[PDB]
Amino acid sequence: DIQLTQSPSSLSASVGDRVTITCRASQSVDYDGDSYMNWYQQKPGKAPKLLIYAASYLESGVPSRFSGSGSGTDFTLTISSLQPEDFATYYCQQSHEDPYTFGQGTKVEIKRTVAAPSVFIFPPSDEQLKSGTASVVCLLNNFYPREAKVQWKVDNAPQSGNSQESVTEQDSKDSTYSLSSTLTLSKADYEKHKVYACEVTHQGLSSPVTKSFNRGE
Amino acid sequence: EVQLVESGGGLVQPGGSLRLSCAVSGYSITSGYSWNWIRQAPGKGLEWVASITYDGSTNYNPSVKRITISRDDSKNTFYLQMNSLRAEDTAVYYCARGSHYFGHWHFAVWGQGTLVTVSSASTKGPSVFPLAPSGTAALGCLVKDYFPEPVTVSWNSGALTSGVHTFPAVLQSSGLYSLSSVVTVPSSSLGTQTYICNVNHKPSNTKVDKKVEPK
């Protein structure tokens, strides 16, 4: 059985630069003068999209900046000039033997300049308070790089164990990320405190940024 | 041109059966060399599982070979059946067309993919709460306590897509999912322009339209 090893696992490159991905097969995929290796692009939430077939043939409708090369067991996918919309996971796939296995994938990220996040804080809706639970949401918007820290404070007391975070994929419009943090409290505990703060630490901030609101205002 | 529409996904029970269908439009199913099913576990890679050729010949991945693929030229549709479903079968299933030239097993035409969740838990509809705003303003919707995945969120019936951020869902300790979708709009438009988030949860036939108003 043919096994594929993609390399690297992930990379970060500036926009417009050249990107090179490699795929290594456990045995040869050459037959009848052709190399049965294919390349795919898969963007977040979308189906895989064929880029290269038979090692080096460009699929119709695919931008010319994608190209493939190689033979036997070693193959190469090249993006001559990385564009913001090329953020995706790229797969190689051999079409020589059942079960036509895919590589494990290579994550390509665009490395842009540092961007500080825009912080927004939302109080729980009065409709949710009828259920006995309060959800305070803090939004970190359009920042780079991906690393960021959120620290909840209820009446200046730092919180722990009662929040969950979620980060989006890189946005091709911006090459930035966004983060959503939800603090979960009971209605009784929410009604017993005044100041709800969201402290944000990021590389693009000389000092930590703190957004807050007063309950009942 | 050629469009591949999948159906039959959603919540299925362990040990039960799965029956997916891939409807082909703008294209006769007899014109493709082969039709394939390819699945992708959440956070994992791609795995080809089945194929059927124009001559009726079928083939399967030996890692799953409790699987049946069929083809109905009259209905212009091919199917995928799987029984003895396990937890490993939870994946996004794609249908893809084979090839005529330069090999037959590279796939250029794909379906949209449907998520199959193998679980004995019960389907639960979400509660949609607004994230009201206080240059640029931010607002959103909090989709909370639903099962299983997925939930599709749009803003103003799809008219508003720029600056929209629908975050990945989080698995809460209660065993239910919860996500939020936010959007950045100009602050001068909060009084004139309305903002309705459209939350759709197909496994529970839940479709909620909540209007986010400034408090």
Side-chain angles (χ1 to χ4, degrees), chain A residues 1 6 34 36-38 40 42 44-45 47-50 52-55 57 59-61 89 91 93-105 118 120-125 127-128 131 133 135 137 139 141-142 164-169 171 178-180 182 184 213, chain B residues 4 36 38 40 45-49 51 59-64 92 94 96 99 101-113 127-133 136-140 142 144 150 162-163 165-173 178-182 184:
Chain A
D1 186 29
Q6 278 191 249
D34 297 277
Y36 288 168
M37 185 63 67
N38 317 280
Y40 294 86
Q42 183 180 30
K49 182 197 199 178
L50 183 66
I52 305 291
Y53 63 95
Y57 296 83
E59 175 66 20
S60 182
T89 305
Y91 296 89
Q93 176 243 0
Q94 61 92 8
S95 49
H96 183 266
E97 265 196 22
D98 164 277
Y100 322 109
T101 135
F102 295 78
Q104 76 280 0
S118 296
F120 306 88
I121 183 166
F122 301 93
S125 61
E127 178 188 349
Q128 185 191 10
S131 65
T133 310
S135 294
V137 177
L139 168 60
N141 201 43
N142 305 337
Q164 292 180 291
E165 292 182 357
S166 186
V167 190
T168 54
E169 305 290 327
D171 192 2
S178 292
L179 188 148
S180 177
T182 298
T184 299
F213 68 94
Chain B
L4 268 54
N36 309 256
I38 303 171
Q40 184 178 27
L46 299 166
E47 185 189 28
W48 172 95
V49 299
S51 69
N59 198 10
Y60 300 96
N61 192 330
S63 71
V64 85
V92 169
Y94 297 96
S99 247
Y101 308 97
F102 297 94
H104 302 295
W105 310 106
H106 64 266
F107 320 102
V109 176
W110 293 68
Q112 88 282 0
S127 292
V128 182
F129 305 115
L131 299 178
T136 301
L139 60 99
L142 174 63
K144 198 158 184 297
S162 186
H165 289 325
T166 299
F167 292 89
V170 298
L171 183 59
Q172 298 172 133
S173 298
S178 179
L179 66 81
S180 64
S181 182
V182 303
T184 59

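In what follows, every chain begins at residue 1, and chains take the letters A, B, ... in the order their sequences are listed. Below, each value reflects all heavy atoms present in this structure, side chains not excepted, and no hydrogens, waters or symmetry copies.
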To the nearest 0.5 angstrom, please state how far the CD atom of A:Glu127 sits from the CZ atom of B:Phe129. 5.5 Å

Please flag which part of B:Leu179 lies under 4.5 Å from any non-hydrogen atom of chain A: side chain, backbone, both or neither. neither

Any side-chain heavy-atom pair from B:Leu142 and A:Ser135 closer than 4.5 angstrom? yes

Could you check if a side-chain atom of B:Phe107 sits within less than 4.5 angstrom of a side-chain atom of A:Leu50, using non-hydrogen atoms only? no

Can you see which heavy atom on A:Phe102 is nearest to which on B:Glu47, and at what distance? CD1-N, 4.3 Å

Checking heavy atoms, do the side chain of B:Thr184, its backbone, both or neither come under 4.5 Å from chain A? side chain

Measuring from atom CD of A:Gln93 to atom NE2 of B:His106, what distance do you get when rounded to the nearest 0.5 angstrom? 9.0 Å

Taking the side chain as C-beta and beyond, is there a heavy-atom pair between B:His165 and A:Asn142 under 4.5 Å? yes

Who are the side-chain hydrogen bond (donor to acceptor under 3.5 Å, both in side chains) partners of A:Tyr53, not counting sequence neighbours? none

I'd like to check B:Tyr101 versus A:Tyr57 (side-chain heavy atoms, cut-off strictly below 4.5 Å). Are they in contact? no

Looking at B:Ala96, B:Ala108, B:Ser178, B:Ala169, which makes the most heavy-atom pairs under 4.5 Å with chain A? B:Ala108

Against B:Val182, only a single residue in A:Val137, A:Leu139, A:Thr168 fulfils side chain to side chain contact (heavy atoms under 4.5 Å, CB included); can you say which? A:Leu139

With a 4.5 Å heavy-atom cut-off, do B:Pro168 and A:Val167 have their side chains touching? no

Who passes side-chain hydrogen bond (donor to acceptor under 3.5 Å, both in side chains) against A:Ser180, sequence neighbours left out? B:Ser180

B:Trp48 and A:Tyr100 side chains, donor-acceptor separation under 3.5 Å: no

Looking at A:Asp98, A:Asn38, A:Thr182, A:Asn141, which makes the most heavy-atom pairs under 4.5 Å with chain B? A:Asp98

Testing the basics here: between B:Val170 and A:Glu165, what is the closest heavy-atom pair and its distance to 0.1 Å? CG1-O, 3.5 Å

In the structure I gave you, are the side-chain heavy atoms of B:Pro130 and A:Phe122 within less than 4.5 Å of one another anywhere? no

What's the shortest heavy-atom distance between A:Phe120 and B:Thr136, and which atoms? CE2-O, 4.1 Å

Contact between A:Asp34 and B:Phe102 at the side-chain level, heavy atoms closer than 4.5 Å - yes or no? yes

Can you name the closest pair of heavy atoms from A:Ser166 and B:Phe167 and give their distance? O-CD2, 3.4 Å

Validation row: A:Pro48, B:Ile38 side chains within 4.5 angstrom (heavy atoms): no

